[PDB]
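One-letter residues, chain by chain:
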Amino acid sequence: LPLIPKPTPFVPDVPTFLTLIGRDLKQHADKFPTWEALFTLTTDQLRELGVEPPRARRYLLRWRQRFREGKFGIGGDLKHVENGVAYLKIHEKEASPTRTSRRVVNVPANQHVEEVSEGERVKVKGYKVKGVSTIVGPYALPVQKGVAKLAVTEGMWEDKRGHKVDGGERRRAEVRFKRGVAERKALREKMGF
Amino acid sequence: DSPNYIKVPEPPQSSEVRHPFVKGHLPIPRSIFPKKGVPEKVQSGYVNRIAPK
Amino acid sequence: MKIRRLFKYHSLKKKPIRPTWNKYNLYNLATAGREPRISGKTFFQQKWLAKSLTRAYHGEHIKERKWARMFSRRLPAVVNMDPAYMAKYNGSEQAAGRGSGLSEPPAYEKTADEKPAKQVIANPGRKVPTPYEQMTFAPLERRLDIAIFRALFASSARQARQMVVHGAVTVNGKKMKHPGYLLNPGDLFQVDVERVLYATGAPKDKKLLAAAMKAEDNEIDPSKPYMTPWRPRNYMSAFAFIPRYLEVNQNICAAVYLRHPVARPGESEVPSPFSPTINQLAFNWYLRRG
Amino acid sequence: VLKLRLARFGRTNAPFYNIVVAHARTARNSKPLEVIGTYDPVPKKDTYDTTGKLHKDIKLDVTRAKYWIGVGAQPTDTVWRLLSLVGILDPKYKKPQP
RNA sequence: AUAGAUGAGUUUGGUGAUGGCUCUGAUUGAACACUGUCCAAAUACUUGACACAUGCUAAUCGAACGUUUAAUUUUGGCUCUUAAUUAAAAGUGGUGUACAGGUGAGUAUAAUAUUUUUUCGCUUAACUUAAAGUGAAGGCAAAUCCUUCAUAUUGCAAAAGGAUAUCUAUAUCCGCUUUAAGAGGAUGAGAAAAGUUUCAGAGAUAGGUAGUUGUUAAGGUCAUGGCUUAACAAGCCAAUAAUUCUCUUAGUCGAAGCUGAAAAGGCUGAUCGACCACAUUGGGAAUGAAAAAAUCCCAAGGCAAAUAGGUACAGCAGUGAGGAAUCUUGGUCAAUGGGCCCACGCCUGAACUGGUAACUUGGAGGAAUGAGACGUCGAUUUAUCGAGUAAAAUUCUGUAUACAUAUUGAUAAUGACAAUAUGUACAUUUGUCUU
Ligand SMILES: [K+]
Ligand SMILES: [K+]
Ligand SMILES: [K+]
Ligand SMILES: [K+]
Ligand SMILES: [Mg+2]
Ligand SMILES: [Mg+2]
Ligand SMILES: [Mg+2]
Ligand SMILES: [Mg+2]
Ligand SMILES: [Mg+2]
Ligand SMILES: [Mg+2]
Ligand SMILES: [Mg+2]
Ligand SMILES: [Mg+2]
Ligand SMILES: [Mg+2]
Ligand SMILES: [Mg+2]
Ligand SMILES: [Mg+2]
Ligand SMILES: [Mg+2]
Ligand SMILES: [Mg+2]
């Protein structure tokens, strides 16, 4: 029943998996001795190891299920990664004598797009081409004309929790008022006295 | 062991158990049809008319 | 924790009749007064005396508040109808005369005439009173712990209550651990055979067993709580009776609660050691607890 | 917006639900338009069945529930799963086979 | 619901009446005194709507929109300067804060209230089914923001764009506008006929009504109605207070709670549901399909603030005060419900759960044997009556509870916490009133 999914080039080990999903879960990277322990431990076992609060444990069990079902985050479908860095390049086809279809493909950093074969010329989802020689998509930093890298980052796949600004709606005018008092009071100590 | 192993019905008016009054109420479901006549909602082609494909 | 109410449980000075088979209780039951003295007592002093006497036996282990509301003014009864009468008469003869039937000559004239008048038509077994007063404590006969004691599976109402609290009883094949469970007509309660043999068996004596080490039928087995071969408790015959609202089967220590206790003309089904005069005052007390 | 949802009743550690037809923006336990049925989450066991199989008792007025689903009632995720078992709607979730 | 109807003490020299008082019964969201072992459920500021330290109770969408710095990569010039990518932080816009939760200060009622039958009308948001249309400019840094135009049976009257794939432009996804329906509705004074509504206590007041009552004509309306208008008539309601005013008190109601045998019973108006009102006090408007806001505007006193313009815990927990008197500054969004979202997901002091209190209810809180320790103790017919089957001792049970295992609350997945079942083990208080 507890089938374990095989690691992917973009998520090769546990430290990488915990680094992507975020929520400060890379702290517990030492609790899981192997990749097979992550996808085998139960709710009760994760609780004894010390994976807490319950919000982080339930969040881990959720992403643990997504990885099994293949519902990776962004860049999870990559196939040519090295030290956690993947290079995205553009592949151009002549769809018609007056048009051209451009696709963001993932190939080794050395081989040119036209050199790669159809088997290894992977097409990453979530990334498109704007106009010409421009790769648009989350965490796609440009390297040169028609190239962009995609490196593993903390919280790259994280479901960011919502945060309040100045204490939310109810305590917005008050936090700004009291904060304005601290500012004026400070200037008096600097220039006033 | 079950008391229903052999069914021996009791004769009529042989018990006078006083059930206790149950407190609380439930919302009375609204009526969907008028109390007189046959409404157009139960015709042949009503659904296909108000919910076409 | 022994409460103050249970200190002199079998007092030979107070002589309370308790629901158990103790030998001290047998002496209090046998030597009970033929009639309590209610000659010059007031109405309250009579109801309190009757309430103290009866409550010493009926529901002794039940609080006074719980029984005060368990008491019911509904005294069930039944009447016997002979099919032979209902097949020959439709009840019209009972309304002859002026509505109450024909008049018979007074008693000082019948025997005077050598010829006895023809037997008056009526359902057999009529003109005999029904002991309703004796059914004051019928609601207690429905509790599970009491029914076990009336089936002769325990030596007392308190020992039967422990069999229930300790998961030794099974009603309708399901474990029941509530001694206050009110049996329904048709329920079948079953006690563990081991608890019945100990409850009704004779005490395990080492002195007599020590002499029987080596010196259908049964044999000796000192690995059991009761004395082997199993023999009935002493003085158990003085309390041996099963009411008619139960159908006991001793082979398996199981009984069925056929119905609720009812009063029949000339008979009651509530085991009570008190006379109608006392049960009538106890009933009158619990009408308003005063 | 009419919704076919559950009203949590019972006692602490003894949940019991009413299947009701109520407007979305109302209190959970306020008097609804109708009570379509009840739902007990804790699975029960047949008295004289020693096989170990469990079941769940659910009383539902299917005829009354179909009318509300037909006029545009929106059942919650829990009531949707129940209505899909009886065979009124299609499941929203399924166990991935791969 | 067919068992349900009860008395007692006390006035007199005495008797019979009259008539209060008290006791007898049940109960409390109780308090106090003396006490107290465990468990579950339920309830828990009834008084000052008194003042409040601190953390939280309403947020969400980057697949609406650009700004801002950060690095990354590209142009021109020879560090500066273009055009982009990416990530964060504030915002703009959409929806929601019109729900949930809290309190009972004010409020004294018959009203365009309400039930039945017949006949109806309205509905520009959200939900359900379907159809058609989704073009063009300007303003703000930009926009699905604001302004405006074309087109939309005749002629008046609309719209908004964003996103993802395919190939060696096409097709989709989520929206927007309009239209026709279903459902819903807080909807129109709906109308007609016949009914219903126990409207606090006390005092005073005989007039009230001015489209007000009716007719003619006209308009309006689905229709009815001075609903509206003109012209005439002087009516209409009331006469025992219609109408108006002052004082006192109060949130209203329900087999919701307690109580009686019962009465269209009485009392209360906690927890539950419905309705009304309020959010420091007073005075107000707009937005919107609809005020149905803990919103917004204004004034005053309190606290904070002074060159500012916040705050009001009658949201949860908590503090001080008052009082005879009422508790945790916990955990989780796992379950149920709700807001936002294409989706995933985020949020939820609603809620679910742990804690405190014998406040209440339910349950447990141990059963059987126990005769000469030829012992003790208190009375006293010093030999009688009691403590006393009581104790000791013996034989059993394994209740609350502890521990362990399993299952379950939850399934697409997710378990904060606990329930149930089974196995093993344990024999633990008396207290208080009266006479
Ligand atoms: K509200
Ligand atoms: K009030
Ligand atoms: K509070
Ligand atoms: K939730
Ligand atoms: Mg005189
Ligand atoms: Mg209060
Ligand atoms: Mg109230
Ligand atoms: Mg357009
Ligand atoms: Mg009529
Ligand atoms: Mg008028
Ligand atoms: Mg008041
Ligand atoms: Mg306040
Ligand atoms: Mg004080
Ligand atoms: Mg939910
Ligand atoms: Mg979703
Ligand atoms: Mg146990
Ligand atoms: Mg969740």
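Residues numbered from 1 in each chain as written, not as in the entry; some residues may be left out. Chains lettered and ligands numbered in written order. Part of a larger assembly, values for the part shown. Heavy atoms only, no water.

cryo-EM is the method the PDB entry lists for this structure, together with a resolution of 2.85 Å.

All names here are of chain C. The terminal C-alpha atoms of helix α2 (residues 43–55), which comprises 13 residues, lie 18 Å apart, in line with the 18 Å expected from a rise of 1.5 Å per residue. Among all positions in α2, only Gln 46, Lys 47, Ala 50, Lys 51, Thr 54 and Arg 55 are buried. End-on, the buried residues of α2 take up no more than an arc of 145°, which puts them together on one face. (Helix = DSSP H or I, 4+ residues; strand = E, 2+ residues; numbered from the N terminus. Expected span 1.5 Å × (residues − 1). Buried < 20%, exposed > 50% of the residue type's maximum accessible area, 1.4 Å probe, protein only. Arc of directions from axis to C-beta.)

Next up on the list: the sheet that holds strand β2 (residues 14–23) of chain D. Residues and elements named next belong to chain D. An order of β1-β2-β3-β4 is seen for the 4 strands of this open sheet, with the pairing classed as antiparallel. The strands lining the two open edges of the sheet, one partner per strand, are β1 (2–11) and β4 (58–60). The average angle at which neighbouring strand axes cross in this sheet is 25°, direction not considered. In this structure, β2 lies alongside strand β3 (residues 34–39), joined through 5 bridges in antiparallel fashion. Bridging across to β3, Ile 19 finds its partner in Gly 37. The sheet strands contacting helix α1 (residues 62–71) are β1, β2, β3 and β4, and the helix crosses β3 at an angle near 120°. (Pairing = 2+ DSSP bridges. Axes fitted to C-alpha atoms, helices over the stretch in contact; angles between N-to-C directions. Contact = heavy atoms within 4.5 Å.)

Right, let's get into the packing of aromatic side chains. Aromatic ring pairs are defined here through the distance separating the ring centres and the angle between the ring planes. In the structure shown here, the tally under the stated rule is 21 aromatic pairs over all chains. Seen in terms of ring centroids, C:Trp48 and C:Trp285 are 5.5 Å apart; in terms of plane orientation they differ by 85°. Their pairing is edge-to-face. Judged by its relative accessible area of 44%, C:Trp48 falls in the partly exposed class. In this structure C:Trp285 comes out as buried when scored by relative accessible area, which is 7%. Taking the centre distance of 5.2 Å and the plane angle of 70° together, the rings of D:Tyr67 and D:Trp68 count as edge-to-face. What links up through ring pairs into an aromatic cluster is the set A:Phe17, A:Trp35, A:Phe39, A:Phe67 and A:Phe72. Sitting over the ring of C:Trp48, C:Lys51 keeps its end group 3.4 Å from the ring centre. Taking the ring centre of D:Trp80 as reference, the NZ or CZ of D:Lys92 above it sits at 4.2 Å. (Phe/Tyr/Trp six-rings, centres within 6.5 Å; stacked < 30°, edge-to-face > 60°. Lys NZ or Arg CZ within 6 Å of the ring centre and 35° of its normal.)

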